[PDB]
file work.pdb (PDB, C-alpha atoms)
ATOM      1  CA  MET G   1       0.000   0.000   0.000  1.00  0.00           C
ATOM      2  CA  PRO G   2       1.617   3.382  -1.141  1.00  0.00           C
ATOM      3  CA  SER G   3       1.333   5.001   2.329  1.00  0.00           C
ATOM      4  CA  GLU G   4       0.688   8.780   2.008  1.00  0.00           C
ATOM      5  CA  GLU G   5       2.952   9.421   5.032  1.00  0.00           C
ATOM      6  CA  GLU G   6       5.830   7.656   3.192  1.00  0.00           C
ATOM      7  CA  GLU G   7       5.035   9.655  -0.002  1.00  0.00           C
ATOM      8  CA  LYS G   8       6.121  12.918   1.808  1.00  0.00           C
ATOM      9  CA  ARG G   9       9.417  11.121   2.802  1.00  0.00           C
ATOM     10  CA  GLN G  10      10.099  10.305  -0.906  1.00  0.00           C
ATOM     11  CA  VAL G  11       9.034  13.666  -2.487  1.00  0.00           C
ATOM     12  CA  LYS G  12      10.881  15.971  -0.007  1.00  0.00           C
ATOM     13  CA  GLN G  13      14.028  13.781  -0.407  1.00  0.00           C
ATOM     14  CA  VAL G  14      13.821  14.042  -4.258  1.00  0.00           C
ATOM     15  CA  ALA G  15      13.159  17.806  -3.880  1.00  0.00           C
ATOM     16  CA  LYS G  16      16.177  18.491  -1.591  1.00  0.00           C
ATOM     17  CA  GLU G  17      18.568  16.297  -3.667  1.00  0.00           C
ATOM     18  CA  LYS G  18      17.598  18.273  -6.838  1.00  0.00           C
ATOM     19  CA  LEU G  19      18.540  21.549  -5.047  1.00  0.00           C
ATOM     20  CA  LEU G  20      21.786  19.823  -3.874  1.00  0.00           C
ATOM     21  CA  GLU G  21      22.405  18.859  -7.580  1.00  0.00           C
ATOM     22  CA  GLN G  22      21.938  22.556  -8.544  1.00  0.00           C
ATOM     23  CA  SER G  23      24.094  23.756  -5.597  1.00  0.00           C
ATOM     24  CA  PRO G  24      26.249  21.124  -3.607  1.00  0.00           C
ATOM     25  CA  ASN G  25      27.789  23.941  -1.427  1.00  0.00           C
ATOM     26  CA  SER G  26      24.287  24.750  -0.057  1.00  0.00           C
ATOM     27  CA  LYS G  27      22.418  22.960   2.778  1.00  0.00           C
ATOM     28  CA  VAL G  28      18.659  22.615   2.064  1.00  0.00           C
ATOM     29  CA  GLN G  29      15.801  22.095   4.594  1.00  0.00           C
ATOM     30  CA  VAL G  30      12.044  21.475   3.944  1.00  0.00           C
ATOM     31  CA  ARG G  31       9.971  24.694   4.391  1.00  0.00           C
ATOM     32  CA  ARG G  32       6.374  23.849   3.266  1.00  0.00           C
ATOM     33  CA  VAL G  33       4.537  20.963   1.400  1.00  0.00           C
ATOM     34  CA  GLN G  34       1.165  20.948  -0.525  1.00  0.00           C
ATOM     35  CA  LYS G  35      -0.559  17.771  -1.808  1.00  0.00           C
ATOM     36  CA  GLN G  36      -2.596  18.979  -4.879  1.00  0.00           C
ATOM     37  CA  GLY G  37      -3.884  15.776  -6.524  1.00  0.00           C
ATOM     38  CA  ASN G  38      -0.922  14.070  -8.322  1.00  0.00           C
ATOM     39  CA  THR G  39       1.176  17.286  -8.060  1.00  0.00           C
ATOM     40  CA  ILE G  40       2.910  18.004  -4.699  1.00  0.00           C
ATOM     41  CA  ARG G  41       4.337  21.583  -4.454  1.00  0.00           C
ATOM     42  CA  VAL G  42       7.185  21.330  -1.885  1.00  0.00           C
ATOM     43  CA  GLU G  43       8.628  24.718  -0.894  1.00  0.00           C
ATOM     44  CA  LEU G  44      12.189  24.281   0.468  1.00  0.00           C
ATOM     45  CA  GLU G  45      14.718  26.742   1.901  1.00  0.00           C
ATOM     46  CA  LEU G  46      18.249  26.508   0.444  1.00  0.00           C
ATOM     47  CA  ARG G  47      20.886  28.207   2.685  1.00  0.00           C
ATOM     48  CA  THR G  48      24.366  29.366   1.461  1.00  0.00           C
ATOM     49  CA  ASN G  49      27.183  31.892   2.293  1.00  0.00           C
ATOM     50  CA  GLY G  50      25.196  35.184   2.413  1.00  0.00           C
ATOM     51  CA  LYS G  51      22.323  33.581   0.422  1.00  0.00           C
ATOM     52  CA  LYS G  52      18.980  32.048   1.421  1.00  0.00           C
ATOM     53  CA  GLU G  53      16.855  31.094  -1.627  1.00  0.00           C
ATOM     54  CA  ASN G  54      13.291  29.779  -1.064  1.00  0.00           C
ATOM     55  CA  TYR G  55      12.641  27.169  -3.804  1.00  0.00           C
ATOM     56  CA  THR G  56       9.536  25.177  -4.788  1.00  0.00           C
ATOM     57  CA  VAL G  57      10.145  21.746  -6.344  1.00  0.00           C
ATOM     58  CA  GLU G  58       6.765  20.817  -7.818  1.00  0.00           C
ATOM     59  CA  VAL G  59       6.712  17.014  -8.134  1.00  0.00           C
ATOM     60  CA  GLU G  60       3.982  14.884  -9.889  1.00  0.00           C
ATOM     61  CA  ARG G  61       2.711  11.291  -9.424  1.00  0.00           C
ATOM     62  CA  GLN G  62       3.356   9.214 -12.594  1.00  0.00           C
ATOM     63  CA  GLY G  63       2.416   5.599 -11.768  1.00  0.00           C
ATOM     64  CA  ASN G  64       4.330   4.773  -8.549  1.00  0.00           C
ATOM     65  CA  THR G  65       7.297   7.121  -9.312  1.00  0.00           C
ATOM     66  CA  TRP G  66       7.671  10.834  -8.391  1.00  0.00           C
ATOM     67  CA  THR G  67       8.895  13.103 -11.284  1.00  0.00           C
ATOM     68  CA  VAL G  68       9.945  16.805 -10.986  1.00  0.00           C
ATOM     69  CA  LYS G  69       7.619  19.090 -13.042  1.00  0.00           C
ATOM     70  CA  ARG G  70       9.716  22.173 -12.186  1.00  0.00           C
ATOM     71  CA  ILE G  71      12.194  23.676  -9.724  1.00  0.00           C
ATOM     72  CA  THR G  72      11.047  27.253  -8.958  1.00  0.00           C
ATOM     73  CA  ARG G  73      13.265  29.840  -7.166  1.00  0.00           C
ATOM     74  CA  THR G  74      11.937  32.955  -5.323  1.00  0.00           C
ATOM     75  CA  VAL G  75      12.014  36.047  -7.630  1.00  0.00           C
ATOM     76  CA  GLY G  76      14.323  38.948  -6.585  1.00  0.00           C
ATOM     77  CA  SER G  77      13.846  42.732  -6.884  1.00  0.00           C
ATOM     78  CA  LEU G  78      15.558  45.951  -5.685  1.00  0.00           C
ATOM     79  CA  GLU G  79      14.461  46.679  -2.059  1.00  0.00           C
ATOM     80  CA  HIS G  80      14.503  49.676   0.339  1.00  0.00           C
ATOM     81  CA  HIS G  81      17.345  49.633   2.914  1.00  0.00           C
ATOM     82  CA  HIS G  82      15.854  50.001   6.435  1.00  0.00           C
ATOM     83  CA  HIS G  83      19.374  50.746   7.765  1.00  0.00           C
ATOM     84  CA  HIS G  84      21.101  53.791   6.163  1.00  0.00           C
ATOM     85  CA  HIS G  85      24.761  54.789   6.718  1.00  0.00           C
TER      86      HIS G  85
END

call {"tool": "encode", "arguments": {"input": "work.pdb", "output": "structure tokens"}}
result
Amino acid sequence: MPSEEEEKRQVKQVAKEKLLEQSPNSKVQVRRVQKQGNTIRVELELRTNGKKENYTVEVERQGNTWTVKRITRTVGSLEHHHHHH
């Protein structure tokens, strides 16, 4: 029986390893998970030297196997410095 509880264990592991394939110097941790039918959107948080990029590895159920639809990264823009020197 494909136990739903075990499905999180698989998907979040696939998700983190993909981010570790994109950036082996970074240490990734799970941030948020959403079961949406076949497609699980797992938000993760990838931490690096002076970087912290929130990703979303959107995985899909094809048969028994979990395939990555996309790896999304948080979009950046110019901010307003709270601290001024």

call {"tool": "residues_around", "arguments": {"input": "work.pdb", "residues": "segment 9-21 of chain G", "least_positions_apart": "5", "cutoff": "8 Å", "atoms": "only C-alpha atoms", "output": "VMD selection string"}}
result
chain G and resid 26 to 30 40 42 44 46 57 59 66 68

call {"tool": "atom_distance", "arguments": {"input": "work.pdb", "atom1": "atom CA of residue 24 of chain G", "atom2": "atom CA of residue 36 of chain G"}}
result
29.0 Å

call {"tool": "resolve_selection", "arguments": {"input": "work.pdb", "expression": "the PyMOL selection byres ((chain G and resi 32) around 9)", "output": "JSON, numbers by chain"}}
result
{"G": [30, 31, 33, 34, 41, 42, 43, 44, 45, 56]}

call {"tool": "atom_distance", "arguments": {"input": "work.pdb", "atom1": "atom CA of residue 25 of chain G", "atom2": "atom CA of residue 79 of chain G"}}
result
26.4 Å

call {"tool": "atom_distance", "arguments": {"input": "work.pdb", "atom1": "atom CA of residue 65 of chain G", "atom2": "atom CA of residue 22 of chain G"}}
result
21.3 Å

call {"tool": "closest_residue", "arguments": {"input": "work.pdb", "among": "G:49, G:38, G:76, G:83", "to": "residue 63 of chain G", "atoms": "only C-alpha atoms"}}
result
G:38
